[PDB]
Enquirer: 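Questions regarding the structure given below will be posed in turn.
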Amino acid sequence: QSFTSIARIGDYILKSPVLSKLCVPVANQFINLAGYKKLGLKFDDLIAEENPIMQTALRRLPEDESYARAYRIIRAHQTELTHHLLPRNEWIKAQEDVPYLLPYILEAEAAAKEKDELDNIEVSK
Amino acid sequence: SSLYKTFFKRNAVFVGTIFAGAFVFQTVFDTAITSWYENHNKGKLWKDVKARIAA
Amino acid sequence: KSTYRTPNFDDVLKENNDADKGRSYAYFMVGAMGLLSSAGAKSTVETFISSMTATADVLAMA
Amino acid sequence: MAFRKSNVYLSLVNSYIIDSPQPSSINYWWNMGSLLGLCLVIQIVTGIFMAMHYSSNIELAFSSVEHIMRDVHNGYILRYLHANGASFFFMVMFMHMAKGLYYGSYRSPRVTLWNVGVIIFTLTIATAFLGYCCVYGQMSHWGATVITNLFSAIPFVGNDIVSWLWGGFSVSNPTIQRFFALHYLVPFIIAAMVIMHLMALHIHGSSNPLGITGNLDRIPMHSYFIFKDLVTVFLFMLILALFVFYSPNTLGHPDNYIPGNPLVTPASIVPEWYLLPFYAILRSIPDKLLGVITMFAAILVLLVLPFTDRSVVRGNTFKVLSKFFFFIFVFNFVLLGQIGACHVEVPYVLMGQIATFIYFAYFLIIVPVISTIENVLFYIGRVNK
Amino acid sequence: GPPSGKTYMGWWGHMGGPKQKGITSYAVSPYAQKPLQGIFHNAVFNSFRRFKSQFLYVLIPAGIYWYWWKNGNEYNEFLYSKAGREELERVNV
Amino acid sequence: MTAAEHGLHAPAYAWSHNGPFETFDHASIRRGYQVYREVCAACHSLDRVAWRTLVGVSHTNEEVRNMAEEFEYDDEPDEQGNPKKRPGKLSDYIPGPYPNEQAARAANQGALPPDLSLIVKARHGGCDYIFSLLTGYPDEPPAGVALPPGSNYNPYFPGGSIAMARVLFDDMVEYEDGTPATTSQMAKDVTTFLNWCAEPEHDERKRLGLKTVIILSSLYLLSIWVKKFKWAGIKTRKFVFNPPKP
Ligand code: HEM
Ligand code: HEM
Ligand code: HEM
Ligand SMILES: COc1c(O)c(C)c(C/C=C(\C)CC/C=C(\C)CC/C=C(/C)CC/C=C(\C)CC/C=C(\C)CCC=C(C)C)c(O)c1OC
Ligand SMILES: C/C=C(C)/C=C/C=C/C(OC)[C@@H](C)[C@H](OC)[C@@H](C)CCc1oc2c(O)c(OC)cc(OC)c2c(=O)c1C
Ligand SMILES: CCCCCCCCCCCO[C@@H]1O[C@H](CO)[C@@H](O[C@H]2O[C@H](CO)[C@@H](O)[C@H](O)[C@H]2O)[C@H](O)[C@H]1O
């Protein structure tokens with residue numbers, strides 16, 4: 001499933017006050033139960049990267065965020081191997097759990113989709 | 001443990017000594033187990049039954 | 001933080017009064033594992049090798 | 001450079017077992033693969049030594065195995081290792097597969113790795129069936145009869161395939177002799193498939209419990225995982241030993257201690273335990289053709305997972321709904337097995353049909369629906385607009 | 001040698017990860033560490049934690065299936081007893 | 001399925017050979033053989049058991065030789081080609097009562113007494129089953145049971161209708177060692193003997209298991225320790241991040 005598609009559905013829910021008040025609280029609880037924040041990770045650090053879109057995206061990420069992602073990932077592996085969680089004061093707070101890679105991913109998917117469209121454009125005379 | 005440093009002195013045990021100890025272990029261990037086993041089953045063994053027989 | 005200030009390892013480090021404490025234990029464990037393995041391997045090899053010796057039913061005294 | 005790297009043969013050993021970069025965080029669930037290689041070795045070695053005393057003729061097969069049990073020095077150890085080892089081979093394979101299922105190991109870029117694994121699984125099941133027939137007990141004869149008949153469901157040529165497989169009018173001498181020859185062959189084809197499996201594994205390396213990249217922190221296979229593998233190798237041997245020496249027939253069927261009889265099928269006939277879930281699936285379809293098709297599909301559906309898993313993250317570690325349904329799947333599988341061991345009676349027949357549905361629904365419906373929902377939940381729980 | 005296809009894993013020195021900077025690691029020889037005996041008092045209450053979060057995901061589906069199994073079994077037992085031979089003829093064929 | 005069709009579940013008797021450290025009781029094996037010879041052997045073969053296996057287990061080398069010689073076996077034809085018999089030797093297998101299947105069915109109302117060499121392993125329940133069957137014949141079948149002619153009732157046999165009638169009765173055998181030959185005593189003995197027939201490696205197998213399990217257990221505990229040591233540097237490793245300036 002593409003991020004463009006997840007965004008389409010997600011935004012439709014976020015805009016409608018009917019669904020927005022019904023779903024978000026559920027989603028918030030789902031995220032806390034997931035537990036990735038206790039390992040010092042942000043959701044975007046969890047996205048499977050072995051594909052061209054994600055490689056393009058990670059390539060375009062500014063230096064500072066790149067070094068940061070690297071530390072979080074390494075710190076998560078070490079904690080996981082010790083079978084512990086980080087001290088609560090080190091957990092990622094909801095304010096920090098921002099979709100920092102999302103804009104780069106969406107941009108790359110759009111660029112990719114356009115190429116696919118243009119490579120297959122029909123012509124009418 | 002200083003007991004180790006008397007025989008091997010901070011160095012690991014070498015293959016030759018390991019192999020040598022293995023041959024020793026095999027014999028000792030087998031007798032120890034067979035003894036316990038036969039004793040635990042005293043009365044049920046054929047050795048015991050043959051003693052109660054005379055022909 | 002300064003890289004020259006090494007983090008705390010006190011909870012892991014042994015109060016060094018007996019320098020070769022961990023070494024003697026590790027080497028005894030490694031040595032004992034090597035001993036029991038060699039005896040096990042020998043027994044396993046002999047088990048398989050002996051299965052090829054004359055079977056109980058073919059040792060007929062003619 | 002070091003000799004282990006320069007030599008043509010040793011470099012293979014070095015790249016696969018010594019310097020191979022492993023993700024620092026893999027847990028004991030990643031020890032199953034080595035255990036499978038060990039199982040393959042135990043089956044091959046014990047089988048070759050027994051082959052030395054085995055006669056495949058239908059008149060001598062059963063007695064030749066009794067001869068191995070009674071007259072061959074340590075013969076009972078070889079046979080019990082082989083028989084119990086086959087069972088242990090399946091227990092470990094299910095765990096290896098379940099691990100893959102849970103951690104998204106079947107996902108890109110490891111699809112090829114997963115597909116080769118499915119082939120190995122099919123071959124292993126076929127190999128065990130061929131071996132089981134070699135004993136020529138009651139379960140051997142009827143197992144050979146029922147399973148070769150699976151092919152009669154093929155329209156037009158089905159009965160011809162069966163007579164060809166049998167080498168005659170029914171399961172007879174030609175059948176058992178060819179099944180022994182084939183039982184000896186397949187393990188070597190499995191060995192070749194394992195190499196292809198390791199080749200695909202090598203190009204991308206192992207995955208890890210977090211489901212993310214392992215490229216930022218690797219540690220050499222040698223020392224760390226060699227000794228970590230040793231821990232489970234001994235635990236595996238200890239347990240196998242408890243069965244081989246203390247309870248050698250608990251995982252088998254008493255009817256296989258009765259020579260095969262072409263005129264009588266025991267009322268107590270039950271398939272080998274590792275085949276029960278599949279057996280139950282087939283039994284749940286009251287149609288011959290559809291029964292065998294659905295059963296085979298239960299294995300092939302494993303190939304669909306890379307496409308039906310819609311998630312954007314690999315693995316179930318941080319997925320509440322997926323973890324829950326994964327365990328629904330596992331216990332549903334155990335139920336299928338318990339149903340297979342039961343009589344074709346009222347409550348059981350319906351339960352088996354529902355469990356069969358749940359089995360297929362997991363791959364085709366639950367995973368794609370749930371993974372899509374989880375994708376969206378992850379998004380709206382953090383985007384503020 | 002022959003050209004090799006691009007993968008997502010390299011080897012020591014070119015693993016394929018992003019460029020690392022700013023991270024400093026520290027470690028101490030296993031030889032200098034307290035011999036295996038400290039995994040208690042400090043590492044005991046901490047343990048068992050990685051199953052307190054997981055047991056529900058295992059237990060609930062297990063419970064559902066054990067109950068379902070018990071129920072069907074007890075029903076089968078009833079059907080084949082004297083008391084249930086009437087119901088048996090009804091639900092059977 | 002109905003209880004009658006399933007058969008009565010055999011209870012768990014306290015066999016002296018039950019338990020990881022327990023060998024067979026060889027005196028019971030010795031007695032069991034007598035019960036087999038004097039009662040069972042009239043209808044049941046024991047094809048997989050060779051005379052020599054008795055030596056050192058339940059009888060002496062001399063006793064077995066005498067027993068084997070009481071039977072005649074086909075020998076190699078003479079100088080002229082005509083067939084000839086020969087007394088039994090230790091290499092021979094205990095002979096059966098019938099020459100072929102057809103002769104066995106004729107002597108048992110058309111039923112076929114199975115060979116007992118593996119009977120203990122070829123039935124769910126093992127010793128408990130065999131014993132219970134032999135001592136479980138009621139004087140009269142439960143009310144309502146229409147038992148076919150030539151059949152017998154036994155609750156432990158699936159379907160309740162068995163072609164073998166009760167054959168064990170008090171004092172029908174005179175035990176060489178003076179033991180009171182009650183039916184339950186004789187049943188206990190043949191069953192023990194039959195378990196040995198099916199599992200002759202029993203005593204030795206458990207002895208080897210004891211050594212195997214001790215070595216493997218130690219190796220297991222030892223590997224855990226070695227692994228923890230080899231991993232201590234990685235497990236206690238610590239990281240620090242200092243964000244690089246632009
Ligand atoms: C992964 C490979 C193998 C598996 C899973 C396997 C499995 C089995 C199984 C299930 C049986 C019946 C066990 C029983 O007695 O109840 C069997 C029997 C047999 N196997 Fe294998 N086998 C394998 C490899 C081999 C190989 C390479 C040989 C070599 C000739 C072999 C030779 C035999 C023989 C001789 C028998 C009959 C003796 C016996 O019943 O144990 N097997 N095998
Ligand atoms: C004889 C059978 C097999 C052998 C010897 C074998 C061996 C291995 C080995 C050594 C590994 C690496 C360590 C590990 O992850 O455990 C591995 C990984 C893997 N195997 Fe197998 N395997 C076998 C069968 C299968 C089967 C039946 C499947 C699936 C149907 C499969 C799927 C996988 C996958 C997907 C991985 C990658 C796991 C990951 O890194 O997350 N294998 N196997
Ligand atoms: C104490 C001595 C005996 C022992 C230990 C014994 C044991 C057994 C056992 C275990 C069975 C198998 C039952 C089953 O299928 O579960 C059996 C069947 C049978 N026995 Fe015996 N038996 C004894 C004496 C006799 C004698 C003397 C005769 C012949 C008069 C006899 C005739 C039969 C027949 C005809 C069957 C077939 C049962 C059927 O198919 O319904 N048995 N016996
Ligand atoms: C990146 O991930 C990895 C990884 O790559 C590797 C390699 C391992 C380590 C595990 C393995 C390499 C397992 C490999 C196993 C095999 C290839 C087994 C292949 C099978 C065989 C049966 C070999 C063939 C054997 C024979 C011909 C010998 C049998 C016959 C004999 C001895 C003759 C007997 C006769 C007489 C007369 C004496 C991992 O654990 C791992 O993850 C942690
Ligand atoms: C030359 C090689 C040939 C011809 C055949 C190899 C290929 C066949 C298989 O897969 C590879 C096959 C084993 C199948 O796989 C779908 C298994 C799940 C089998 C499942 C299976 O087992 C049974 C069994 O074991 C029995 O024993 C007593 C009895 C049985 O009925 C009562 C069955 C049975 O009804 C089924 C479906
Ligand atoms: C697969 C069949 C099983 C076969 C047997 C199993 C292998 C047993 C190996 C036994 C001994 O092997 C032995 O290992 C120790 C290390 O542990 C080696 O020791 C070497 O390393 C240690 C540790 O840094 C040093 O102290 C020592 O001075 C050095 O010589 C020793 O020289 C070698 O001889």
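Computed from heavy atoms alone, side chains included, the values below leave out hydrogens, waters and symmetry copies. One-based numbering, in listed order, for ligands and for the atoms of each. Order of the sequence lines sets the chain letters (A, B, ...), proteins ahead of strands, with each chain counted from 1.
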Enquirer: Count the heavy atoms belonging to other residues, nucleotides or ligands that lie under 6.0 Å from NE2 of D:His204, then report whether that count exceeds 12.
Expert: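 Atom NE2 in D:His204 is packed in, count exceeds 12.
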Enquirer: In the complex you have, is atom 19 (O) of ligand 6 within reach of the protein, judged by whether a heavy-atom distance drops under 4.0 Å?
Expert: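 Under the 4.0 Å cut-off, atom 19 (O) of ligand 6 does have protein heavy-atom neighbours.
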Enquirer: Looking at C:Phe28, I'd like to know if its CZ atom is crowded, meaning that more than 12 non-hydrogen atoms belonging to other residues, nucleotides or ligands lie closer than 6.0 Å.
Expert: no
Enquirer: Could you tell me whether B:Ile18 and ligand 6 have an N or O pair separated by under 3.5 Å?
Expert: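 Such a contact does not occur with ligand 6.
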Enquirer: Would you please classify the geometry between the D:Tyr16 ring and the D:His202 ring as parallel, tilted or perpendicular, with 30° and 60° separating the classes?
Expert: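 Parallel.
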Enquirer: Go through ligand 3 atom by atom and flag the ones less than 4.0 Å from a non-hydrogen atom of F:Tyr129.
Expert: 14 (C), 16 (O)
Enquirer: For atom 41 (O) of ligand 2, which of the options D:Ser105, D:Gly33, D:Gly37 provides the nearest non-hydrogen atom?
Expert: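 Among D:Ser105, D:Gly33, D:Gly37, the closest heavy atom to atom 41 (O) of ligand 2 comes from D:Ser105.
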Enquirer: Listing by chain and number, what protein N/O/S atoms are under 2.8 Å from atom 21 (Fe) of ligand 3?
Expert: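 Listed by chain and number, the nearby protein N, O or S atoms are F:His44 NE2, F:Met164 SD.
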Enquirer: Angle class for the F:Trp225/C:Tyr25 ring planes (parallel below 30°, perpendicular above 60°, tilted otherwise)?
Expert: tilted
Enquirer: Just to confirm my output: which protein heavy-atom neighbour is closest to atom 14 (O) of ligand 6, and how far is it?
Expert: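 The protein heavy atom lying closest is B:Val13 O, 4.0 Å.
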Enquirer: Looking at F:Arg123, which atoms of ligand 3 are within less than 4.0 Å of one of its heavy atoms?
Expert: 14 (C), 15 (O), 16 (O)
Enquirer: Counting only heavy atoms, which portion of D:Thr124 has something under 4.0 Å from ligand 2: side chain, backbone, both, or neither?
Expert: neither
Enquirer: Can the ring centres of D:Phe278 and D:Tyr274 be said to be less than 6.0 Å apart?
Expert: no
Enquirer: Are any of the side-chain heavy atoms of F:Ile94 and F:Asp47 separated by less than 4.5 Å?
Expert: no
Enquirer: Centroid-to-centroid, F:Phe131 to F:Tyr13, below 6.0 Å?
Expert: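 Ring centroids of F:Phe131 and F:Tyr13 are less than 6.0 Å from each other.
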Enquirer: Among D:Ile120, D:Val116, D:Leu113, which residue places a heavy atom closest to atom 2 (C) of ligand 2?
Expert: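 Among D:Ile120, D:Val116, D:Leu113, the closest heavy atom to atom 2 (C) of ligand 2 belongs to D:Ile120.
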Enquirer: For atom 15 (O) of ligand 2, what's the nearest protein heavy atom and its distance?
Expert: D:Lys99 NZ, 3.1 Å
Enquirer: Numbering the atoms of ligand 6 from 1, which are under 4.0 Å from a heavy atom of B:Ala12?
Expert: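 Atoms satisfying the 4.0 Å criterion: 15 (C), 16 (C), 17 (O), 19 (O), 22 (C), 26 (O).
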Enquirer: Note the single closest protein heavy atom to atom 9 (C) of ligand 6, along with its residue, its atom name and the distance in Å.
Expert: B:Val15 CG1, 3.5 Å
Enquirer: As a test of understanding, state which of F:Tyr175, F:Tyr36, F:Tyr33 forms a side chain to side chain contact (heavy atoms under 4.5 Å, CB included) with F:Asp189.
Expert: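 Single side chain to side chain contact (heavy atoms under 4.5 Å, CB included) partner of F:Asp189 among F:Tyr175, F:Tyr36, F:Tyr33: F:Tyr175.
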Enquirer: Show me which atoms of ligand 3 lie under 4.0 Å from any heavy atom of F:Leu168.
Expert: 1 (C)
Enquirer: Going by the order shown, which atoms of ligand 3 are within less than 4.0 Å of some heavy atom of F:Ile130?
Expert: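 Atoms satisfying the 4.0 Å criterion: 10 (C).
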Enquirer: Please identify which atoms of ligand 3 are closer than 4.0 Å to at least one heavy atom of F:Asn108.
Expert: 29 (C), 35 (C)
Enquirer: In D:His197, the N, O or S atom nearest to atom 21 (Fe) of ligand 2 is which?
Expert: NE2
Enquirer: Report the part of F:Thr191 (side chain from C-beta onward, or backbone N, CA, C, O) that has a heavy atom under 4.0 Å from ligand 3; answer both or neither where that applies.
Expert: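 F:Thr191 to ligand 3: no contact under 4.0 Å from either part.
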Enquirer: Mind checking whether C:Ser37 contacts ligand 6 via backbone (N, CA, C, O), side chain (CB onward), both or neither, at a 4.0 Å heavy-atom cut-off?
Expert: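 No part of C:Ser37 comes within reach of ligand 6.
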Enquirer: Please check if the number of heavy atoms outside F:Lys228 that lie under 6.0 Å from its NZ is greater than 12.
Expert: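 Not buried by this count: 12 neighbours or fewer within 6.0 Å.
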Enquirer: Is there a donor-acceptor pair under 3.5 Å between the side chain of C:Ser37 and the backbone N or O of C:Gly34?
Expert: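 Flag not set: sc C:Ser37 to bb C:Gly34 has no pair under 3.5 Å.
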Enquirer: Ligand 2 and D:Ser34, any nitrogen or oxygen pair closer than 3.5 angstrom?
Expert: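 No - when backbone and side-chain N and O of D:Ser34 are compared with those of ligand 2, no distance drops under 3.5 Å.
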Enquirer: Yes or no: does D:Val118 have any heavy atom under 4.0 Å from an atom of ligand 2?
Expert: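 Within the 4.0 Å threshold, so yes.
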Enquirer: For a 4.5 angstrom cut-off between non-hydrogen side-chain atoms, does D:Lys99 reach D:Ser105?
Expert: yes
Enquirer: Look at atom CZ of B:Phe23 and say whether more than 12 heavy atoms of other residues, nucleotides or ligands are closer to it than 6.0 Å.
Expert: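 No, not enclosed.
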Enquirer: Heavy atoms only, cut-off 4.0 Å: how does D:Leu201 contact ligand 2, side chain, backbone, both, or neither?
Expert: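 Under 4.0 Å from ligand 2, D:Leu201 contributes side-chain atoms alone.
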Enquirer: In terms of atom number and element, which parts of ligand 6 are under 4.0 angstrom from non-hydrogen atoms of C:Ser38?
Expert: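 So the answer, numbered in order with elements, is 5 (C).
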Enquirer: Could you state the interatomic distance from CD1 (F:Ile215) to CE (D:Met237), rounded to the nearest 0.5 Å?
Expert: 11.5 Å
Enquirer: May I ask you to check whether D:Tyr359 and D:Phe329 place their ring centres under 6.0 Å from each other?
Expert: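 Yes - the distance between ring centres of D:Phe329 and D:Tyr359 falls below the 6.0 Å cut-off.
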Enquirer: Is it true that D:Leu198 lies under 4.0 Å from ligand 2, counting heavy atoms only?
Expert: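 The answer is yes, since D:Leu198 has a heavy atom less than 4.0 Å from ligand 2.
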Enquirer: Between the main-chain N or O of D:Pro23 and the side-chain N or O of D:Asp217, is there a donor-acceptor pair closer than 3.5 Å?
Expert: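 No: the side chain of D:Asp217 does not pair with the backbone of D:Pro23.
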Enquirer: Return the option from C:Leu35, B:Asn11, C:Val30 holding the heavy atom at the smallest distance from atom 28 (O) of ligand 6.
Expert: B:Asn11
Enquirer: For ligand 3, which atoms sit closer than 4.0 Å to a heavy atom of F:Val39?
Expert: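 Heavy-atom distances to F:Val39 below 4.0 Å select 27 (C).
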Enquirer: Do the ring planes of E:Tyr31 and C:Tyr27 sit parallel (below 30°), tilted (30 to 60°) or perpendicular (above 60°)?
Expert: perpendicular
Enquirer: What protein heavy atom sits nearest atom 27 (C) of ligand 2, and how far off is it?
Expert: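 Result for atom 27 (C) of ligand 2: D:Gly117 O, 3.0 Å.
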Enquirer: Report the part of D:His96 (side chain from C-beta onward, or backbone N, CA, C, O) that has a heavy atom under 4.0 Å from ligand 2; answer both or neither where that applies.
Expert: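 Looking at D:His96 and ligand 2, just side chain atoms fall under 4.0 Å.
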Enquirer: If we only count heavy atoms from C-beta on, is the F:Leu134 to F:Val190 side-chain gap below 4.5 Å?
Expert: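 With C-beta onward as the side chain, the pair touches.
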Enquirer: Starting at CE of D:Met97, measure out to CZ of D:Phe333 and round the result to the nearest 0.5 Å.
Expert: 8.0 Å
Enquirer: Could you establish whether B:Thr17 and ligand 6 come within less than 4.0 Å of each other, counting only heavy atoms on the residue side?
Expert: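 Not so, B:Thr17 does not reach ligand 6.
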Enquirer: D:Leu35 and side chain to side chain contact (heavy atoms under 4.5 Å, CB included): which single residue from D:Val233, D:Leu235, D:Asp229 fits?
Expert: D:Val233
Enquirer: For atom 38 (C) of ligand 3, which candidate among F:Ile162, F:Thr183, F:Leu133 holds the nearest heavy atom?
Expert: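 Closest candidate by heavy-atom distance is F:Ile162.
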Enquirer: Tell me whether F:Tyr36 reaches ligand 3 (any heavy atom closer than 4.0 angstrom to a ligand atom).
Expert: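 The answer is no, since F:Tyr36 has no heavy atom less than 4.0 Å from ligand 3.
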Enquirer: Say whether D:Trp30 and ligand 2 are in contact under the criterion: heavy-atom distance to a ligand atom below 4.0 Å.
Expert: yes
Enquirer: Does atom 22 (C) of ligand 6 have a protein non-hydrogen atom under 4.0 Å from it?
Expert: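 Yes, because at least one protein heavy atom sits under 4.0 Å from atom 22 (C) of ligand 6.
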Enquirer: Check the angle between the aromatic planes of D:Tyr103 and D:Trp30 and answer parallel, tilted or perpendicular using the 30° and 60° thresholds.
Expert: tilted
Enquirer: So, for D:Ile17 and D:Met221, which heavy atoms are closest and what is the spacing to 0.1 Å?
Expert: O-CG, 3.0 Å
Enquirer: Look at atom 37 (C) of ligand 3 and say which protein heavy atom is nearest, naming residue and atom and giving the distance to 0.1 Å.
Expert: F:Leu112 O, 4.1 Å
Enquirer: Is there a donor-acceptor contact under 3.5 Å from the side chain of F:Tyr220 to the main chain of D:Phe236?
Expert: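 No.
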Enquirer: Among all protein heavy atoms in this structure, tell me which lies nearest to atom 40 (O) of ligand 3, with the distance rounded to 0.1 Å.
Expert: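 Among all protein heavy atoms, the one nearest atom 40 (O) of ligand 3 is F:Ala163 CB, 4.5 Å.
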Enquirer: Any idea which of B:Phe14, C:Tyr27, B:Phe19 brings a heavy atom closest to atom 30 (O) of ligand 6?
Expert: B:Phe14
Enquirer: Please tell me whether D:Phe326 and D:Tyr102 form a close aromatic pair, meaning their ring centres lie under 6.0 Å apart.
Expert: yes
Enquirer: Got the closest protein heavy atom to atom 4 (C) of ligand 2, with its distance?
Expert: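 Going by distance alone, atom 4 (C) of ligand 2 is nearest to D:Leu36 CB, 3.8 Å.
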